[PDB]
Amino acid sequence: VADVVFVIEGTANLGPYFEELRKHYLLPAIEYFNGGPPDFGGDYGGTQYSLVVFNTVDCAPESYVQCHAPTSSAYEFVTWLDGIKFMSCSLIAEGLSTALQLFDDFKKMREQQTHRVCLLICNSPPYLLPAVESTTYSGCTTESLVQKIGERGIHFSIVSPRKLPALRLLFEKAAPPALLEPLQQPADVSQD
Amino acid sequence: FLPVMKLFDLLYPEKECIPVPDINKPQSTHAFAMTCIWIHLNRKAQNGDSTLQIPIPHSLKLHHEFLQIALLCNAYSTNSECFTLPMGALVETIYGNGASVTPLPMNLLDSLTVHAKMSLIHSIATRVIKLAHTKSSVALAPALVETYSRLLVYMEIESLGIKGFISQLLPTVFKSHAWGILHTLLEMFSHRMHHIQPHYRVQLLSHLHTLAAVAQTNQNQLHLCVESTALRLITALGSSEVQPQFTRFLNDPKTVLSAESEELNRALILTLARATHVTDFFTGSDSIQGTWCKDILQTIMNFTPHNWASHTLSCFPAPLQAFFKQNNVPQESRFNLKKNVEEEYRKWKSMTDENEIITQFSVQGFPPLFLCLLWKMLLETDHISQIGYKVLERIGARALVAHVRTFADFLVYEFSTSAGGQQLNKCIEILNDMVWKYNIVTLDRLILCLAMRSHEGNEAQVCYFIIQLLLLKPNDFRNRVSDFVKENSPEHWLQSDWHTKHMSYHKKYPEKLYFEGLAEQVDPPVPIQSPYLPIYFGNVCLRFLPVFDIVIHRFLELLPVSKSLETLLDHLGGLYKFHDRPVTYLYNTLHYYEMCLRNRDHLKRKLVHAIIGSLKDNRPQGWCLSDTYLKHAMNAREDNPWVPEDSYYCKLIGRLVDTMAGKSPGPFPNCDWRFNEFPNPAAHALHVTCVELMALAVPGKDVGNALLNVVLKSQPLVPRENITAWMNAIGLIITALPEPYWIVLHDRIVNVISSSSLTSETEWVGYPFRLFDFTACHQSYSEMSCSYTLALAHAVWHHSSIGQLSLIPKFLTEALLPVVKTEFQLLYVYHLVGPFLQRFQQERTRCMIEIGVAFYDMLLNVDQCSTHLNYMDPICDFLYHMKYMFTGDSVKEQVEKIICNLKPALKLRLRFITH
């Protein structure tokens, strides 16, 4: 219980749309996974969760990622919701690998397993067509998807906007039960 | 409280798991507090219905629901709707059975009961008010009330709680006389509570006086018990709070404070005399502030006070009561004996036809008549036949006051006529076994009436003999307390077996006071006068201290037989089983004695070890200076232990300089930091310093001398860097000791060095400012003797700024005139006097002008024998602000005639001062 993960990518594509996306989808992430509207003590028991943020590789001189949410005491994540950065493709795969390694570290040392689930959020239809020339990972977004879903039993998900990206077709490789068929027009489900 | 708690848990509870359970059966609540605060957070969030009910207790999950008797009664979950667990953790009152009624006393609070304060407040209060409201017909169930007695920090933080408790006791005495409950709780409260708030204690005094006055206590003739408690309320409060409290009860004596407890009123005025001398409350003025005590007199004058015949009247600084001392009706023109024996003979001859009429002819109860029957009886084995016994035990004390009043004269006359009692050994044994068989005297009022008119110089010896042997010859009680030494004295603060101990004690030797110990034809027990039986012995040993005061303060002419009263107090060690406060008992009895202590000096020559052993009725090993003297007094104790006192005094002051910053958790503060009169270790420093310096007679004069010695003849043990602590220490020890002890400081400052050479060719040291003011000796250099002397001065000035300063103005006018020759002498005396004038300005304004003209007089001197004044303008502006900031246009006329003699420069400076 109280397990979530956020991955924001649609900065340039959903700059203004991010407010409505939060008002319609980010509220149940706290309303359902907690008692209600969030100051509480922060522990390492597993009740905490993570949140990763990634930007466009093109509109970036040298920096890649700025992930910061080890525990967040389930409120510090609510603190830096509006503390996002803004920047055409996006090449988000290099940022999905960050969440991959993060949940790998979680399963490696933070194992008390609460089967922490992960959710991705994008507005542009990204693709890191060059999957090479990286630091500690040389896989594509489909390989990352099948590794995070098939190899790792971590529940994957991607909350797309009203439009139709390609990830809605890439969902077909989600071998574990993701429950991404019905859209969350009512309160969001723990497994999207 | 939630944000600070969260920040602390993030900082202090920097962890994510709960390892190391650490059961810690003895004490663990100081460790598991995190679980308690978390449960409190959950309860607050549930009351608020938000914040996810303070989620994730996982941080201390093991300690979260660890709740699933005497070892782990962690009553932490008592926030709300869980009071069953704490109320069952502590054994409540018993309801099944019904003089033992409440068994199973609990453990002392220090074990684990130190925390239960926010929960156990009114539980026992509700219990007692419930049992008192309906009725108390069966034997009184509450007897574990001793638990409620020992609530130290609890009653400390909830003084309003006990205030409400008393204001709810008032409806209890309103219901019916508070017969059972009051006589159960009040005695144990008085005999168990010591460090009570002074204003709260005087409120308690007013309450008890009001309840004892009205209504009548004819059937509760044992009411005198609370009177004994009154004595304990007039003992330890005289130190400082007497003056602030005098206005608190300012309006009470204007109507009622001396209704009938005239003996208690004499006792309290004696205690007030004790308090006023510490420290010299009337030596400053004796003309205008006299009304401040006249009000007190204004009460007792309505009820025949001060019937002392000036015998004991030797300590009042204001002997204005001598205006009202002739109405003491002493001996009633000496015919009182004839009158009472004539009426006793009339009664004895009329008993043949008056026993059926004396019931209807008991007008006024015949106050000083019935006790005279002891001599007429006992010739035919107690012919009273309870004829007047029931007539007596309705106004017993109120008639026995006059009974003993006339019996004192009777006995002194008889013993002066016999001169040895060879034939009056009969009445001697009568008075001896008068305590063996239960009598209604309880020896509670004998010494006061005996000192009224019998202790006169012609008859002081017979009354001293009375005080000596009326209680010491009977061996029914002295042996009982002689075996009672190893019961409460070694184990005093381990209250867990008190119930059975006191039960055994007061059922073995005594039975009951109302039980007529006189063996007449019938003896109906009537076992109904048993409301509570906590103590039968504390009364006499509590009253014995003013007995010592009276026998020592006025009868000191007798040196040899004083060894007998020493043996008597050796037989009365229990006298010192409650409190060690001989400071006032030495002051009021030593005021004018230190100069003429020779007889008392030879008495103390043997009383040193006697007082040492009397104080030794404990085992905390706390008082070492006494044991240090003992180990330094192996042989020839009259001369040796007073020679190396200076270094000794070092250790003494050493202890004091360790009382504030040194080894604070030492042997001194203990047992129990709150009942040995410990608001501070200096309070215990007081009486130990007193008893040390009261040993010999050459001290007091030698106190200040040896202190100045250890100052300039600095022993290698005396450090030079933290000297100011030693300054404060000497200041305290001086402001603590009586007047003939600090009186030496006057000549120590003005006579020793103020004119060492210091007239014209002192030296090139003449620069006054850099050296004469203290703190110049911060280096090993710049340390002049005058500087350390000024420092010791300022110390004793600030510490003794209560009454010792009051004699200072006249002092300057008496001795400081023909000593001032130069100008730096004037700067020195300014350094001495100035910085403490505002202390006078606060309360003693009426002497400021004196100080003023004193300084002005100095000007005259420094105007006559003076060629030039180099630093005169400092004195000019000093006197300027002296006038304008403190005195103002007040002393203009007196100074007008004195400044006209100044030098032209001084005129040019103070031509606006004269304006």
# chains A, B, ... in the order shown; residues from 1 in each chain; ligands from 1
call {"tool": "select_by_dssp", "arguments": {"residues": "range 45-103 of chain A", "states": "strand (DSSP E or B)", "output": "number ranges by chain"}}
result
A: 50-54, 65
call {"tool": "write_last_selection", "arguments": {"atoms": "N, CA, C and O atoms", "output": "PDB file, in the first residue's frame"}}
result
ATOM      1  N   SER A  50       8.832   6.970  -4.811  1.00  0.00           N
ATOM      2  CA  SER A  50       9.790   7.738  -5.590  1.00  0.00           C
ATOM      3  C   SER A  50       9.081   8.516  -6.692  1.00  0.00           C
ATOM      4  O   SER A  50       7.914   8.275  -7.012  1.00  0.00           O
ATOM      5  N   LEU A  51       9.816   9.462  -7.272  1.00  0.00           N
ATOM      6  CA  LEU A  51       9.333  10.285  -8.372  1.00  0.00           C
ATOM      7  C   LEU A  51      10.530  10.775  -9.172  1.00  0.00           C
ATOM      8  O   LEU A  51      11.423  11.423  -8.618  1.00  0.00           O
ATOM      9  N   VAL A  52      10.541  10.474 -10.468  1.00  0.00           N
ATOM     10  CA  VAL A  52      11.666  10.779 -11.343  1.00  0.00           C
ATOM     11  C   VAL A  52      11.211  11.788 -12.388  1.00  0.00           C
ATOM     12  O   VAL A  52      10.069  11.739 -12.857  1.00  0.00           O
ATOM     13  N   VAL A  53      12.102  12.713 -12.737  1.00  0.00           N
ATOM     14  CA  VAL A  53      11.823  13.733 -13.738  1.00  0.00           C
ATOM     15  C   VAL A  53      12.940  13.737 -14.771  1.00  0.00           C
ATOM     16  O   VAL A  53      14.127  13.672 -14.438  1.00  0.00           O
ATOM     17  N   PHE A  54      12.544  13.810 -16.039  1.00  0.00           N
ATOM     18  CA  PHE A  54      13.467  13.779 -17.162  1.00  0.00           C
ATOM     19  C   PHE A  54      13.061  14.851 -18.160  1.00  0.00           C
ATOM     20  O   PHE A  54      11.876  15.145 -18.333  1.00  0.00           O
ATOM     21  N   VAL A  65      19.562  14.095 -16.129  1.00  0.00           N
ATOM     22  CA  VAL A  65      18.501  13.751 -15.191  1.00  0.00           C
ATOM     23  C   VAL A  65      18.721  14.483 -13.875  1.00  0.00           C
ATOM     24  O   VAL A  65      19.833  14.892 -13.538  1.00  0.00           O
TER      25      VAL A  65
END
call {"tool": "interface_residues", "arguments": {"of": "chain B", "to": "chain A", "cutoff": "6 Å", "atoms": "only C-alpha atoms", "output": "ChimeraX atom specification"}}
result
/B:6,16,52
call {"tool": "select_by_dssp", "arguments": {"residues": "range 23-66 of chain A", "states": "helix (DSSP H, G or I)", "output": "list in words"}}
result
residues 23, 24, 25, 26, 28, 29, 30 and 31 of chain A
call {"tool": "residues_around", "arguments": {"residues": "residue 726 in chain B", "least_positions_apart": "6", "cutoff": "10 Å", "atoms": "only C-alpha atoms", "output": "PyMOL selection string"}}
result
chain B and resi 650+653-654+656-657+711+718-720+732+792+795
call {"tool": "write_last_selection", "arguments": {"atoms": "N, CA, C and O atoms", "output": "PDB file, in the first residue's frame"}}
result
ATOM      1  N   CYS B 650      38.937  27.177  54.351  1.00  0.00           N
ATOM      2  CA  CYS B 650      39.135  26.947  52.925  1.00  0.00           C
ATOM      3  C   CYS B 650      38.268  25.790  52.452  1.00  0.00           C
ATOM      4  O   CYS B 650      37.368  25.966  51.622  1.00  0.00           O
ATOM      5  N   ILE B 653      34.718  26.914  52.595  1.00  0.00           N
ATOM      6  CA  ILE B 653      34.322  27.707  51.440  1.00  0.00           C
ATOM      7  C   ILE B 653      34.513  26.891  50.175  1.00  0.00           C
ATOM      8  O   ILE B 653      33.751  27.038  49.211  1.00  0.00           O
ATOM      9  N   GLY B 654      35.489  25.978  50.179  1.00  0.00           N
ATOM     10  CA  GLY B 654      35.628  25.064  49.059  1.00  0.00           C
ATOM     11  C   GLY B 654      34.325  24.366  48.744  1.00  0.00           C
ATOM     12  O   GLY B 654      33.836  24.416  47.613  1.00  0.00           O
ATOM     13  N   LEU B 656      31.384  25.314  49.441  1.00  0.00           N
ATOM     14  CA  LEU B 656      30.451  26.290  48.895  1.00  0.00           C
ATOM     15  C   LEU B 656      30.790  26.624  47.451  1.00  0.00           C
ATOM     16  O   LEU B 656      29.893  26.727  46.608  1.00  0.00           O
ATOM     17  N   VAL B 657      32.080  26.772  47.132  1.00  0.00           N
ATOM     18  CA  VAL B 657      32.432  27.089  45.752  1.00  0.00           C
ATOM     19  C   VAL B 657      32.263  25.887  44.843  1.00  0.00           C
ATOM     20  O   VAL B 657      32.420  26.012  43.624  1.00  0.00           O
ATOM     21  N   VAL B 711      41.958  35.583  52.460  1.00  0.00           N
ATOM     22  CA  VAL B 711      41.936  36.443  51.284  1.00  0.00           C
ATOM     23  C   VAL B 711      43.346  36.917  50.944  1.00  0.00           C
ATOM     24  O   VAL B 711      43.848  36.642  49.850  1.00  0.00           O
ATOM     25  N   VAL B 718      43.475  28.170  47.623  1.00  0.00           N
ATOM     26  CA  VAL B 718      42.603  29.222  47.107  1.00  0.00           C
ATOM     27  C   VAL B 718      43.084  29.641  45.723  1.00  0.00           C
ATOM     28  O   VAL B 718      44.199  30.164  45.589  1.00  0.00           O
ATOM     29  N   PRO B 719      42.292  29.435  44.677  1.00  0.00           N
ATOM     30  CA  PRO B 719      42.699  29.878  43.341  1.00  0.00           C
ATOM     31  C   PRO B 719      42.513  31.379  43.175  1.00  0.00           C
ATOM     32  O   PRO B 719      41.793  32.036  43.927  1.00  0.00           O
ATOM     33  N   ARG B 720      43.183  31.918  42.156  1.00  0.00           N
ATOM     34  CA  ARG B 720      43.155  33.349  41.893  1.00  0.00           C
ATOM     35  C   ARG B 720      42.336  33.723  40.666  1.00  0.00           C
ATOM     36  O   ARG B 720      42.116  34.915  40.431  1.00  0.00           O
ATOM     37  N   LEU B 732      27.699  35.246  51.198  1.00  0.00           N
ATOM     38  CA  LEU B 732      26.603  34.444  51.730  1.00  0.00           C
ATOM     39  C   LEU B 732      26.878  34.016  53.166  1.00  0.00           C
ATOM     40  O   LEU B 732      25.995  34.096  54.027  1.00  0.00           O
ATOM     41  N   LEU B 792      35.646  42.198  48.906  1.00  0.00           N
ATOM     42  CA  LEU B 792      34.975  41.573  50.042  1.00  0.00           C
ATOM     43  C   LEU B 792      33.862  42.461  50.573  1.00  0.00           C
ATOM     44  O   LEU B 792      32.770  41.982  50.914  1.00  0.00           O
ATOM     45  N   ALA B 795      30.859  42.466  48.248  1.00  0.00           N
ATOM     46  CA  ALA B 795      30.207  41.175  48.437  1.00  0.00           C
ATOM     47  C   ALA B 795      29.281  41.198  49.649  1.00  0.00           C
ATOM     48  O   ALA B 795      28.077  40.928  49.534  1.00  0.00           O
TER      49      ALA B 795
END
call {"tool": "atom_distance", "arguments": {"atom1": "CA of residue 321 in chain B", "atom2": "CA of residue 305 in chain B"}}
result
9.5 Å
call {"tool": "closest_atom_pairs", "arguments": {"of": "range 113-132 of chain A", "to": "range 177-187 of chain A", "cutoff": "12 Å", "atoms": "only C-alpha atoms", "output": "JSON lines"}}
result
{"residue": "A:117", "atom": "CA", "partner": "A:178", "partner_atom": "CA", "distance": 9.6}
{"residue": "A:118", "atom": "CA", "partner": "A:178", "partner_atom": "CA", "distance": 10.3}
{"residue": "A:119", "atom": "CA", "partner": "A:178", "partner_atom": "CA", "distance": 10.4}
call {"tool": "write_last_selection", "arguments": {"atoms": "N, CA, C and O atoms", "output": "PDB file, in the first residue's frame"}}
result
ATOM      1  N   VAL A 117       4.473  -0.099  -7.622  1.00  0.00           N
ATOM      2  CA  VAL A 117       4.044   0.088  -9.000  1.00  0.00           C
ATOM      3  C   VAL A 117       4.613   1.402  -9.517  1.00  0.00           C
ATOM      4  O   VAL A 117       4.944   2.315  -8.755  1.00  0.00           O
ATOM      5  N   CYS A 118       4.728   1.492 -10.841  1.00  0.00           N
ATOM      6  CA  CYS A 118       5.329   2.646 -11.493  1.00  0.00           C
ATOM      7  C   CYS A 118       4.427   3.141 -12.611  1.00  0.00           C
ATOM      8  O   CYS A 118       3.799   2.345 -13.316  1.00  0.00           O
ATOM      9  N   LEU A 119       4.366   4.460 -12.765  1.00  0.00           N
ATOM     10  CA  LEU A 119       3.532   5.109 -13.766  1.00  0.00           C
ATOM     11  C   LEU A 119       4.364   6.126 -14.532  1.00  0.00           C
ATOM     12  O   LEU A 119       5.133   6.884 -13.931  1.00  0.00           O
TER      13      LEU A 119
END
call {"tool": "residues_around", "arguments": {"residues": "range 373-379 of chain B", "least_positions_apart": "6", "cutoff": "12 Å", "atoms": "only C-alpha atoms", "output": "JSON list (two decimals) with N, CA and C atoms, in the first residue's frame"}}
result
[["chain", "number", "residue", "atom", "x", "y", "z"],
["B", 340, "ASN", "N", -8.30, 28.73, 95.14],
["B", 340, "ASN", "CA", -8.56, 27.45, 94.50],
["B", 340, "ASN", "C", -8.56, 26.31, 95.51],
["B", 341, "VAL", "N", -7.70, 26.35, 96.53],
["B", 341, "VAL", "CA", -7.73, 25.27, 97.51],
["B", 341, "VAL", "C", -9.00, 25.36, 98.35],
["B", 342, "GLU", "N", -9.50, 26.57, 98.61],
["B", 342, "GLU", "CA", -10.74, 26.71, 99.35],
["B", 342, "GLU", "C", -11.92, 26.16, 98.56],
["B", 343, "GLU", "N", -11.98, 26.48, 97.27],
["B", 343, "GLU", "CA", -13.06, 25.93, 96.45],
["B", 343, "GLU", "C", -12.93, 24.43, 96.27],
["B", 344, "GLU", "N", -11.70, 23.91, 96.19],
["B", 344, "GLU", "CA", -11.51, 22.47, 96.11],
["B", 344, "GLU", "C", -11.97, 21.79, 97.38],
["B", 345, "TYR", "N", -11.68, 22.38, 98.54],
["B", 345, "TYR", "CA", -12.16, 21.83, 99.80],
["B", 345, "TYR", "C", -13.68, 21.88, 99.87],
["B", 346, "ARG", "N", -14.28, 22.97, 99.40],
["B", 346, "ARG", "CA", -15.74, 23.07, 99.37],
["B", 346, "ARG", "C", -16.34, 21.96, 98.51],
["B", 347, "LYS", "N", -15.78, 21.75, 97.32],
["B", 347, "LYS", "CA", -16.26, 20.68, 96.45],
["B", 347, "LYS", "C", -16.08, 19.31, 97.10],
["B", 348, "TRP", "N", -14.92, 19.09, 97.73],
["B", 348, "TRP", "CA", -14.63, 17.80, 98.34],
["B", 348, "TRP", "C", -15.57, 17.51, 99.51],
["B", 349, "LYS", "N", -15.98, 18.55, 100.24],
["B", 349, "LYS", "CA", -16.90, 18.35, 101.35],
["B", 349, "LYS", "C", -18.35, 18.30, 100.90],
["B", 351, "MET", "N", -19.36, 16.97, 97.87],
["B", 351, "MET", "CA", -19.64, 15.81, 97.02],
["B", 351, "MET", "C", -20.70, 14.88, 97.62],
["B", 385, "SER", "N", -15.02, 8.26, 90.47],
["B", 385, "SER", "CA", -16.20, 7.50, 90.06],
["B", 385, "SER", "C", -16.86, 8.12, 88.83],
["B", 387, "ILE", "N", -17.59, 10.87, 88.01],
["B", 387, "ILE", "CA", -18.62, 11.88, 88.28],
["B", 387, "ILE", "C", -18.37, 13.11, 87.42],
["B", 388, "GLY", "N", -17.14, 13.61, 87.42],
["B", 388, "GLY", "CA", -16.80, 14.79, 86.65],
["B", 388, "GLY", "C", -16.02, 14.48, 85.39],
["B", 389, "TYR", "N", -15.63, 13.21, 85.21],
["B", 389, "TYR", "CA", -14.88, 12.83, 84.02],
["B", 389, "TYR", "C", -15.68, 13.12, 82.75],
["B", 403, "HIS", "N", -6.58, 25.11, 84.66],
["B", 403, "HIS", "CA", -6.13, 24.08, 85.60],
["B", 403, "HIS", "C", -4.62, 24.11, 85.76],
["B", 407, "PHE", "N", -2.12, 25.19, 88.70],
["B", 407, "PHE", "CA", -1.31, 24.08, 89.18],
["B", 407, "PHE", "C", 0.17, 24.41, 89.16],
["B", 410, "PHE", "N", 0.66, 26.23, 92.30],
["B", 410, "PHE", "CA", 0.54, 25.23, 93.36],
["B", 410, "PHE", "C", 1.84, 24.46, 93.54],
["B", 411, "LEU", "N", 2.36, 23.90, 92.44],
["B", 411, "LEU", "CA", 3.54, 23.05, 92.54],
["B", 411, "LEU", "C", 4.78, 23.85, 92.91],
["B", 424, "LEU", "N", 6.46, 15.56, 99.57],
["B", 424, "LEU", "CA", 5.75, 15.73, 98.31],
["B", 424, "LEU", "C", 6.24, 14.78, 97.23],
["B", 426, "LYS", "N", 5.02, 12.08, 97.09],
["B", 426, "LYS", "CA", 3.70, 11.56, 96.73],
["B", 426, "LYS", "C", 3.18, 12.22, 95.46],
["B", 427, "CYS", "N", 3.05, 13.55, 95.47],
["B", 427, "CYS", "CA", 2.57, 14.24, 94.28],
["B", 427, "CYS", "C", 3.58, 14.16, 93.15],
["B", 428, "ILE", "N", 4.87, 13.99, 93.48],
["B", 428, "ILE", "CA", 5.87, 13.76, 92.44],
["B", 428, "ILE", "C", 5.54, 12.50, 91.65],
["B", 429, "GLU", "N", 5.32, 11.39, 92.35],
["B", 429, "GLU", "CA", 4.94, 10.15, 91.67],
["B", 429, "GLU", "C", 3.56, 10.27, 91.04],
["B", 430, "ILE", "N", 2.68, 11.08, 91.62],
["B", 430, "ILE", "CA", 1.36, 11.31, 91.02],
["B", 430, "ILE", "C", 1.51, 11.92, 89.64],
["B", 431, "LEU", "N", 2.35, 12.95, 89.53],
["B", 431, "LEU", "CA", 2.60, 13.57, 88.23],
["B", 431, "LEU", "C", 3.41, 12.65, 87.33],
["B", 433, "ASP", "N", 3.35, 9.06, 87.18],
["B", 433, "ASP", "CA", 2.42, 8.10, 86.60],
["B", 433, "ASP", "C", 1.18, 8.76, 86.01],
["B", 434, "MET", "N", 1.06, 10.08, 86.13],
["B", 434, "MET", "CA", -0.04, 10.80, 85.50],
["B", 434, "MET", "C", 0.01, 10.67, 83.98],
["B", 439, "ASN", "N", -4.10, 10.41, 80.99],
["B", 439, "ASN", "CA", -4.65, 11.66, 81.48],
["B", 439, "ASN", "C", -4.86, 12.60, 80.31],
["B", 518, "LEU", "N", -7.38, 6.46, 84.44],
["B", 518, "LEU", "CA", -7.69, 6.44, 85.86],
["B", 518, "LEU", "C", -8.62, 5.27, 86.16],
["B", 519, "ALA", "N", -8.28, 4.49, 87.19],
["B", 519, "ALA", "CA", -9.00, 3.26, 87.51],
["B", 519, "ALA", "C", -10.03, 3.56, 88.60],
["B", 520, "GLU", "N", -11.19, 4.05, 88.19],
["B", 520, "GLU", "CA", -12.31, 4.24, 89.10],
["B", 520, "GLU", "C", -13.18, 2.99, 89.08]]
call {"tool": "residues_around", "arguments": {"residues": "range 570-574 of chain B", "least_positions_apart": "5", "cutoff": "9 Å", "atoms": "only C-alpha atoms", "output": "PyMOL selection string"}}
result
chain B and resi 472+478-479+481-482+484-485+489+538+541-542+565+610+613-615+617
call {"tool": "decode", "arguments": {"residues": "range 97-110 of chain A", "atoms": "N, CA, C and O atoms", "output": "PDB file, in the first residue's frame"}}
result
ATOM      1  N   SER A  97      15.210   4.421 -18.047  1.00  0.00           N
ATOM      2  CA  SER A  97      16.287   3.618 -17.479  1.00  0.00           C
ATOM      3  C   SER A  97      16.643   4.086 -16.073  1.00  0.00           C
ATOM      4  O   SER A  97      17.083   3.282 -15.243  1.00  0.00           O
ATOM      5  N   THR A  98      16.450   5.375 -15.785  1.00  0.00           N
ATOM      6  CA  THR A  98      16.694   5.872 -14.436  1.00  0.00           C
ATOM      7  C   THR A  98      15.736   5.234 -13.440  1.00  0.00           C
ATOM      8  O   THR A  98      16.152   4.767 -12.376  1.00  0.00           O
ATOM      9  N   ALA A  99      14.441   5.213 -13.765  1.00  0.00           N
ATOM     10  CA  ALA A  99      13.481   4.537 -12.901  1.00  0.00           C
ATOM     11  C   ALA A  99      13.759   3.043 -12.824  1.00  0.00           C
ATOM     12  O   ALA A  99      13.549   2.426 -11.773  1.00  0.00           O
ATOM     13  N   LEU A 100      14.232   2.451 -13.923  1.00  0.00           N
ATOM     14  CA  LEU A 100      14.642   1.050 -13.900  1.00  0.00           C
ATOM     15  C   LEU A 100      15.711   0.812 -12.842  1.00  0.00           C
ATOM     16  O   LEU A 100      15.557  -0.047 -11.967  1.00  0.00           O
ATOM     17  N   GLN A 101      16.808   1.571 -12.912  1.00  0.00           N
ATOM     18  CA  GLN A 101      17.887   1.412 -11.940  1.00  0.00           C
ATOM     19  C   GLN A 101      17.430   1.765 -10.530  1.00  0.00           C
ATOM     20  O   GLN A 101      17.893   1.161  -9.557  1.00  0.00           O
ATOM     21  N   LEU A 102      16.514   2.727 -10.402  1.00  0.00           N
ATOM     22  CA  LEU A 102      16.011   3.110  -9.088  1.00  0.00           C
ATOM     23  C   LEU A 102      15.247   1.964  -8.438  1.00  0.00           C
ATOM     24  O   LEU A 102      15.479   1.628  -7.271  1.00  0.00           O
ATOM     25  N   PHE A 103      14.324   1.353  -9.179  1.00  0.00           N
ATOM     26  CA  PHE A 103      13.589   0.225  -8.623  1.00  0.00           C
ATOM     27  C   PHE A 103      14.480  -0.998  -8.465  1.00  0.00           C
ATOM     28  O   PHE A 103      14.230  -1.835  -7.591  1.00  0.00           O
ATOM     29  N   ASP A 104      15.535  -1.108  -9.276  1.00  0.00           N
ATOM     30  CA  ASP A 104      16.528  -2.153  -9.051  1.00  0.00           C
ATOM     31  C   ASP A 104      17.203  -1.969  -7.698  1.00  0.00           C
ATOM     32  O   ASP A 104      17.346  -2.923  -6.927  1.00  0.00           O
ATOM     33  N   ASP A 105      17.611  -0.737  -7.389  1.00  0.00           N
ATOM     34  CA  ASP A 105      18.208  -0.453  -6.086  1.00  0.00           C
ATOM     35  C   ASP A 105      17.207  -0.706  -4.963  1.00  0.00           C
ATOM     36  O   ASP A 105      17.568  -1.236  -3.904  1.00  0.00           O
ATOM     37  N   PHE A 106      15.946  -0.326  -5.179  1.00  0.00           N
ATOM     38  CA  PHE A 106      14.897  -0.599  -4.198  1.00  0.00           C
ATOM     39  C   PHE A 106      14.800  -2.090  -3.899  1.00  0.00           C
ATOM     40  O   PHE A 106      14.851  -2.508  -2.737  1.00  0.00           O
ATOM     41  N   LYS A 107      14.659  -2.910  -4.941  1.00  0.00           N
ATOM     42  CA  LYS A 107      14.569  -4.352  -4.740  1.00  0.00           C
ATOM     43  C   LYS A 107      15.861  -4.921  -4.170  1.00  0.00           C
ATOM     44  O   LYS A 107      15.844  -5.975  -3.524  1.00  0.00           O
ATOM     45  N   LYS A 108      16.989  -4.243  -4.394  1.00  0.00           N
ATOM     46  CA  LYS A 108      18.269  -4.756  -3.920  1.00  0.00           C
ATOM     47  C   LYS A 108      18.458  -4.525  -2.426  1.00  0.00           C
ATOM     48  O   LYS A 108      18.842  -5.449  -1.700  1.00  0.00           O
ATOM     49  N   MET A 109      18.200  -3.310  -1.945  1.00  0.00           N
ATOM     50  CA  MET A 109      18.474  -2.981  -0.551  1.00  0.00           C
ATOM     51  C   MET A 109      17.244  -2.589   0.251  1.00  0.00           C
ATOM     52  O   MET A 109      17.226  -2.806   1.465  1.00  0.00           O
ATOM     53  N   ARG A 110      16.219  -2.018  -0.382  1.00  0.00           N
ATOM     54  CA  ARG A 110      15.010  -1.604   0.316  1.00  0.00           C
ATOM     55  C   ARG A 110      14.000  -2.736   0.462  1.00  0.00           C
ATOM     56  O   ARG A 110      12.818  -2.474   0.710  1.00  0.00           O
TER      57      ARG A 110
END
